[PDB]
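Structural characterization, general
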Amino acid sequence: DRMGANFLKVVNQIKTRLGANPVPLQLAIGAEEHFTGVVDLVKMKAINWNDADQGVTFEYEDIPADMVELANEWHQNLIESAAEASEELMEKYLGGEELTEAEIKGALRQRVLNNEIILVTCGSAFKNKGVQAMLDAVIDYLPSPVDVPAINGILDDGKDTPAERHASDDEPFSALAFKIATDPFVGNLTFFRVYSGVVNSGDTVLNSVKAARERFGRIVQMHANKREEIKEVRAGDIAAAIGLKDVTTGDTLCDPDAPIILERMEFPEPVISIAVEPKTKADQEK
Amino acid sequence: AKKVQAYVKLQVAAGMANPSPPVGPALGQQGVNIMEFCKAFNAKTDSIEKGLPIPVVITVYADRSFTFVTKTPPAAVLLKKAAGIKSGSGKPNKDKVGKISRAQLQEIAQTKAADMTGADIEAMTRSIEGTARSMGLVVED
Amino acid sequence: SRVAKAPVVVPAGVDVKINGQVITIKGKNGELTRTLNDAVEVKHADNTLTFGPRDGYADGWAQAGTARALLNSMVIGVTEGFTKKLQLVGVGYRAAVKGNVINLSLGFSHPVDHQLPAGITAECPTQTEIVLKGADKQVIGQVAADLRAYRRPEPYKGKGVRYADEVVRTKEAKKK
Amino acid sequence: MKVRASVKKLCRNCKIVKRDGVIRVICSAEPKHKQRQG
RNA sequence: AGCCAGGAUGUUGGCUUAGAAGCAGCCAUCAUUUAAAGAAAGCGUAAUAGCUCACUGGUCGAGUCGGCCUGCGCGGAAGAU
């Protein structure tokens, strides 16, 4: 909703600078100030938004008459994007079997596990124009923890046997340690995410890469700010693996007699170095 | 040959494949693949013992084309290839070290006579005596 | 002089109305008249126009030296014309022609739409390029320079409205 | 326009024309080289 | 004085070569062709590509140019019922 904001320029600028292959889907209706419609091209439906409300309507209509031909020349490039994704849609682009909304995404979802095309959407966050539109693609173009290759614990030093473990609750427990913040209540905190398996409350969770013993305290979830005590952590939640005695960047959070992960790829280098000096001589003690 | 578009003669010792930064721009004038000028000259560069600056000129053409002229190394660096040191000009008329007679100067001029139409034998002889006096070198025969 | 060795050749298709000091040129698409000063002696001799400085005003070699350059431009301006293109380099800045009015997307809290006088057929191939067409050499610059004076060429980015042939000198920040 | 009593032709391409009587000197690329009095 | 107009081309011009590559600066300060070109004036610039001065080589086809001396003129020149 700004001047100079050409949607078709930027997505066709990626093919020049970033060198990628983007085929966009949700196009633009409106001259950026009277902007009212976002042109979803699979279902060929424009969406009405709020007059100025923080979120009332979702009214779907047809393609408006002021863009009846740009929808024509851009939908035919959408339905190209499955004939060269899977080999089986090659003979019905030319034969003329109908390219429905549901059929094309079954090929393009498998085009996200290799990542040759990215899916683009224009709209406004602040003007409440597109946010309610942007959620339905996440369940259909962004991958799930059970649709991906799951936890792959290799071994230790014996042999390189990468083992795809299960994404369900039927595995040994596994997690990782990252975003390990602090607090003046308990000391150390984490923002950890469990990939599969279920843990109960109270566990001898180790950190099996650095040979240390830790015990699993009272886990707390947030609204990104507020303390909500999560007792039973299910497979896929993100919480605070509290009470770790020592913890490093990206080591395992795993019960013994189980698979073990060990990874610290791309340890950075903080470059600019400034020397802090105390104010009082009581300060250098603290 | 050509005109106000482009004509600069700059090339230094051809043992270095990568275009040296100050030479870069004479290759950075009319859109070359810099791998092409590396692959053009190396078929004949394996007939030399490298160490002297060998010159080429660049000359251009309309679409994406270009051309270049191969000659022999100049006698100015041939004066200071035999003399051992590459830079002797510290004081021109106050240094008297190092002699080469005219016979060396003409046999490095036959390779000019077998390559180029200017830089003739007898006319360059005083300037190959003139690059000696500026360096502080002596000549007798 | 050089100006005295410069007579102007009127072609067929542009008619002169010599009422002495007041000449009204009946041309192709307009009427390019100039009421000159009395330091001139005008005569459309055969076809090529000849002029002369009047006595007393011996500085009329200047005052008609303007005129020799003047009427040459007038007979070629009423027929062929001037392409006066301007280059809009501004973040979110557009240009669009309707009737005889130009919009000015000029980074303000309010739109500026100024109406442009006669002797102007303006055009706009895009949001950054804008044609101006005219018959007088003065009017093809005067309406052009007013737009350029609303947003002069900024010499830290290259921002501003600038002519087609004009080349700015943009500098560098050099402190922060 | 800086003012000073001395108009000295300073830049290499410095035009001088007498607009209104007071001299102001015209460079091309340097705005710094333009004085007006004298 | 302008439009075409080559900026004929030996060379990297050293030093000290990291670039001080005609264009940072000290000593030389020759010129292969001299109907047009200096081992050189700035900008582009770490260096150069870009743009010129150099001779205007070909067109206009007549006057033109830089200083010395004086007659006068302009600026310099802003004050308080």
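1. So, the overall build of chain C
Each helix and strand in chain C was counted, giving 3 helices and 12 strands. Relative to its length of 176 residues, chain C is extended, with a C-alpha radius of gyration of 21 Å against a globular reference of 16 Å. Going through the 176 residues of chain C one by one, you find that 34% of them count as buried. For chain C, contacts bridging at least 24 residues in sequence account for 48% of all contacts bridging at least 6.

2. A word on the overall build of chain A
Tallying secondary structure elements over chain A gives 5 helices and 13 strands in all. Here the C-alpha atoms of chain A give a radius of gyration of 25 Å, more than 25% beyond the 19 Å that 2.2 N^0.38 yields for 286 residues. Projected onto the principal axes, the alpha-carbon positions of chain A cover approximately 70 × 55 × 40 Å. A separation of at least 24 residues holds for 54% of the contacts in chain A among residues at least 6 apart in sequence. Entry remark: accessible area of chain A is about 18900 Å², with carbon and sulfur atoms responsible for 56%. Here chain A carries 29 positive and 49 negative side-chain charges, and the mean point of each set is 9 Å from the other.

3. Observations regarding the sheet that holds strand β9 (residues 101–104) of chain C
All names here are of chain C. Strand order in this open sheet of 3 strands is β8-β9-β10, and the pairing throughout is antiparallel. Each edge of the open sheet carries a strand with a single partner, namely β8 (97–98) and β10 (112–115). One ladder, built from 4 bridges, connects β9 with β10; its direction is antiparallel. Of the residues in β10, the one forming a bridge with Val 101 is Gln 115.

4. Quick look at the state of the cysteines
Two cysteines whose sulfur atoms are joined by a covalent bond form what is called a disulfide. Across all of its chains, the model carries 1 disulfide over all chains by this definition. With a sulfur-sulfur separation of 2.0 Å, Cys 11 of chain D is cross-linked through a disulfide to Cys 14 of chain D.

5. Considerations on the side chain of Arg 165 of chain A
Residue and element names in this part refer to chain A. By secondary structure assignment, the location of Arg 165 is in the loop between β6 (163–164) and β7 (174–176). No salt bridge is formed by the buried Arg 165; its nearest oppositely charged neighbour, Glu 171, is found at 4.1 Å. Setting aside residues up to four positions removed in sequence, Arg 165 forms contacts with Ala 150, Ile 151, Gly 153, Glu 171, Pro 172, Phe 173, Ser 174 and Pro 259.

6. A few points about empty space enclosed by the protein
Empty space among the atoms becomes visible once a probe the size of a water molecule is rolled across them. Residues and elements named next belong to chain C. Overall, the coordinates contain 6 cavities of 30 Å³ or more when judged by the stated rule. Of the pockets and cavities examined, the largest cavity occupies roughly 120 Å³. Around the largest cavity sit 13 residues that line it, and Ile 23, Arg 34, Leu 36, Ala 67 and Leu 71 are the ones nearest its centre. Mapped by element, the contributors of at least two residues to the lining of the largest cavity are β3 (22–26), β4 (31–35) and α2 (65–77). Partitioning the lining of the largest cavity into residue classes produces 11 nonpolar, 1 polar and 1 charged.

7. Regarding a nonpolar patch on the surface
There is a patch of nonpolar side chains on the surface, built from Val 131, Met 134, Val 138, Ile 139 and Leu 142 of chain A and spanning about 470 Å² of accessible area. By the element assignment, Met 134 of chain A lies in the loop between α4 (101–108) and α5 (138–141).

8. Description of the side chain of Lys 85 of chain C
Along the polypeptide, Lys 85 of chain C turns up in the loop between α2 and β7 (86–89). There is a polar contact of 2.4 Å between the side chain of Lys 85 of chain C and the side chain of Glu 129 of chain C.

9. Details of α4 of chain A
All names here are of chain A. Along α4, the positions that sit buried rather than exposed are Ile 104, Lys 105, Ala 107 and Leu 108. Buried residues of α4, seen end-on, are gathered within an arc of 155° and therefore sit on one face of the element. Seen from the open side of α4, the exposed residues pointing more than 90 degrees away from its buried face are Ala 102 and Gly 106. Buried residues along α4 sit in contact with α2 (70–78) and α5. One side-chain oxygen at the N-terminal end of α4 lies 3.3 Å from the backbone nitrogen of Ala 102; it belongs to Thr 100.

10. Structural notes on the domain arrangement of chain C
Its domain assignment divides chain C into domain 1 (8–76) and domain 2 (82–163). Inter-centroid distance (C-alpha atoms) of domain 1 of chain C to domain 2 of chain C is 32 Å.

11. Topic: the sheet that holds β7 of chain A
Strand order in the open sheet formed by 3 strands is β7-β10-β13 (chain A), and the pairing between neighbours is antiparallel. If you trace the sheet from one side to the other, it starts and ends with β7 and β13 (238–239) of chain A, each paired once.

12. Here we look at the protein's contact with RNA strand E
Around RNA strand E lies a shell of 36 residues, among which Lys 9, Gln 29, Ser 87 and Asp 120 of chain B together with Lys 5 of chain C are the nearest. Close to the protein, within 4 Å, the atoms of RNA strand E belong to sugar or phosphate groups at a rate of 78%. In this structure, a sugar or linking oxygen belonging to RNA strand E sits 3.0 Å away from a side-chain N or O atom of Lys 91 of chain B. One of the backbone nitrogen or oxygen atoms of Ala 119 of chain B is found 3.3 Å away from a phosphate oxygen of RNA strand E. Contributions of two or more residues to the surface near RNA strand E are made by β1 (7–9), α6 (121–124) and α7 (127–135) of chain B. When residues in the surface near RNA strand E are grouped by element, the largest group, 3 residues, is from α7 of chain B.

Cut-offs used in this document
- Residues numbered from 1 in each chain as written, not as in the entry; some residues may be left out.
- Chains lettered and ligands numbered in written order.
- Part of a larger assembly, values for the part shown.
- Heavy atoms only, no water.
- Helix = DSSP H or I, 4+ residues; strand = E, 2+ residues; numbered from the N terminus.
- Rg over C-alpha atoms; globule rule 2.2 N^0.38 Å.
- Buried < 20%, exposed > 50% of the residue type's maximum accessible area, 1.4 Å probe, protein only.
- Contact = heavy atoms within 4.5 Å.
- Areas by Shrake-Rupley, 256 points an atom, 1.4 Å probe, with all protein chains shown as cover.
- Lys, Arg positive; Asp, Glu negative; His and termini not counted.
- Charge placed at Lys NZ, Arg CZ, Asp CG, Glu CD.
- Pairing = 2+ DSSP bridges.
- Disulfide = S-S within 2.5 Å.
- Salt bridge = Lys/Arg side-chain N within 4 Å of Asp/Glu carboxyl O.
- 1 Å grid on protein atoms, 1.4 Å probe; cavity = no way out; pocket = protein on both sides within 12 Å on 5 of 7 lines; lining within 4 Å.
- Points joined across faces, edges and corners; volume = space filled by probe spheres on them.
- Nonpolar A, V, L, I, M, F, W, Y, C, P; charged D, E, K, R; others polar.
- Patch = residues over 30% accessible without salt bridge, like charges linked within 9 Å, V, L, I, M, F, W, Y side chains within 5 Å.
- Polar contact = N/O pair within 3.5 Å; in protein donor to acceptor, adjacent residues only side chain to side chain.
- Arc of directions from axis to C-beta.
- Domains from an automatic or database assignment.
- Near = heavy atom within 4 Å.

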